[PDB]
Amino acid sequence: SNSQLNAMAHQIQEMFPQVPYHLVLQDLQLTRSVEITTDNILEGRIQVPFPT
């Protein structure tokens, strides 16, 4: 029942394809605000696991 949260993360994935979609989905549970989630990414709230 988190279709809205999933959809919201889509816009962020579009703006910031550098970050993991699912980790964004998580922040959308945290803040439920893509405006925050995006700044959250920038704060280091959402870490980006590089290819390893």
# chains A, B, ... in the order shown; residues from 1 in each chain; ligands from 1

$ residues_around --residues "region 24-40 of chain A" --least-positions-apart "5" --cutoff "8 Å" --atoms "only C-alpha atoms" --output "number ranges by chain"
A: 5-6, 8-9, 12, 19, 45-46

$ atom_distance --atom1 "CA of residue 7 (chain A)" --atom2 "CA of residue 50 (chain A)"
23.8 Å

$ atom_distance --atom1 "CA of residue 48 (chain A)" --atom2 "CA of residue 18 (chain A)"
7.6 Å

$ atom_distance --atom1 "CA of residue 16 (chain A)" --atom2 "CA of residue 3 (chain A)"
19.7 Å

$ select_by_dssp --residues "chain A" --states "helix (DSSP H, G or I)" --output "PyMOL selection string"
chain A and resi 3-15+21-30+34-43

$ write_last_selection --atoms "N, CA and C atoms" --output "CSV table (one decimal), in the first residue's frame"
chain,number,residue,atom,x,y,z
A,3,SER,N,2.3,2.6,-2.8
A,3,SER,CA,2.4,2.9,-4.2
A,3,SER,C,2.8,4.4,-4.4
A,4,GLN,N,2.2,5.3,-3.5
A,4,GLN,CA,2.5,6.7,-3.6
A,4,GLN,C,4.0,7.0,-3.3
A,5,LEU,N,4.5,6.3,-2.3
A,5,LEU,CA,5.9,6.5,-1.9
A,5,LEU,C,6.8,6.0,-3.0
A,6,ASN,N,6.4,4.8,-3.6
A,6,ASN,CA,7.2,4.3,-4.7
A,6,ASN,C,7.2,5.2,-5.8
A,7,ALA,N,6.1,5.8,-6.2
A,7,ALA,CA,6.0,6.7,-7.3
A,7,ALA,C,6.7,8.0,-7.0
A,8,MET,N,6.7,8.5,-5.8
A,8,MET,CA,7.4,9.7,-5.4
A,8,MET,C,8.9,9.5,-5.7
A,9,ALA,N,9.5,8.4,-5.3
A,9,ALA,CA,10.9,8.1,-5.4
A,9,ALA,C,11.3,8.1,-6.9
A,10,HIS,N,10.3,7.9,-7.7
A,10,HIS,CA,10.6,7.8,-9.2
A,10,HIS,C,11.1,9.1,-9.7
A,11,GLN,N,10.5,10.2,-9.2
A,11,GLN,CA,10.9,11.6,-9.6
A,11,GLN,C,12.3,11.8,-9.1
A,12,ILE,N,12.6,11.4,-7.9
A,12,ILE,CA,13.9,11.6,-7.4
A,12,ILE,C,14.9,10.8,-8.1
A,13,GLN,N,14.6,9.6,-8.5
A,13,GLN,CA,15.4,8.7,-9.3
A,13,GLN,C,15.7,9.4,-10.7
A,14,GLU,N,14.7,10.1,-11.2
A,14,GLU,CA,14.9,10.8,-12.4
A,14,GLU,C,15.8,12.0,-12.3
A,15,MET,N,15.7,12.7,-11.2
A,15,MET,CA,16.5,13.9,-10.9
A,15,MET,C,17.9,13.4,-10.5
A,21,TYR,N,17.3,3.4,-5.9
A,21,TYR,CA,15.8,3.6,-5.9
A,21,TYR,C,15.2,3.1,-4.6
A,22,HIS,N,15.6,1.9,-4.1
A,22,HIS,CA,15.1,1.3,-2.9
A,22,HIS,C,15.5,2.1,-1.7
A,23,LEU,N,16.7,2.6,-1.6
A,23,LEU,CA,17.1,3.4,-0.5
A,23,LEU,C,16.4,4.7,-0.4
A,24,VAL,N,15.9,5.1,-1.6
A,24,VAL,CA,15.1,6.4,-1.6
A,24,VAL,C,13.7,6.0,-1.1
A,25,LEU,N,13.2,4.9,-1.5
A,25,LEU,CA,11.9,4.4,-1.0
A,25,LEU,C,11.9,4.4,0.5
A,26,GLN,N,13.0,4.0,1.1
A,26,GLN,CA,13.1,4.0,2.6
A,26,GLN,C,13.0,5.4,3.2
A,27,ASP,N,13.6,6.4,2.6
A,27,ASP,CA,13.5,7.7,3.1
A,27,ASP,C,12.1,8.3,2.9
A,28,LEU,N,11.4,7.8,1.9
A,28,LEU,CA,10.1,8.2,1.7
A,28,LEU,C,9.2,7.6,2.8
A,29,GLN,N,9.7,6.7,3.5
A,29,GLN,CA,9.0,6.1,4.7
A,29,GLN,C,9.3,7.0,5.9
A,30,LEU,N,10.5,7.5,5.9
A,30,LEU,CA,11.0,8.4,6.9
A,30,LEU,C,10.4,9.8,6.8
A,34,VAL,N,9.6,14.1,-1.0
A,34,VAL,CA,10.7,14.0,-1.9
A,34,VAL,C,11.6,15.3,-1.8
A,35,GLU,N,11.0,16.4,-1.3
A,35,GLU,CA,11.7,17.6,-1.2
A,35,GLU,C,12.8,17.4,-0.1
A,36,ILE,N,12.4,16.7,1.0
A,36,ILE,CA,13.3,16.4,2.1
A,36,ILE,C,14.3,15.3,1.7
A,37,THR,N,13.7,14.2,1.2
A,37,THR,CA,14.5,13.0,0.7
A,37,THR,C,15.6,13.5,-0.2
A,38,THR,N,15.4,14.4,-1.1
A,38,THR,CA,16.4,14.9,-2.0
A,38,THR,C,17.5,15.6,-1.3
A,39,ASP,N,17.2,16.4,-0.3
A,39,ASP,CA,18.1,17.2,0.5
A,39,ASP,C,18.8,16.2,1.5
A,40,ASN,N,18.0,15.2,1.9
A,40,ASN,CA,18.4,14.1,2.7
A,40,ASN,C,19.6,13.4,2.1
A,41,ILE,N,19.4,13.1,0.8
A,41,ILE,CA,20.5,12.4,0.0
A,41,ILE,C,21.7,13.3,0.1
A,42,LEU,N,21.6,14.6,-0.1
A,42,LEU,CA,22.7,15.5,-0.1
A,42,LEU,C,23.3,15.6,1.3
A,43,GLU,N,22.6,15.3,2.4
A,43,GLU,CA,23.1,15.4,3.8
A,43,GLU,C,23.9,14.1,4.0
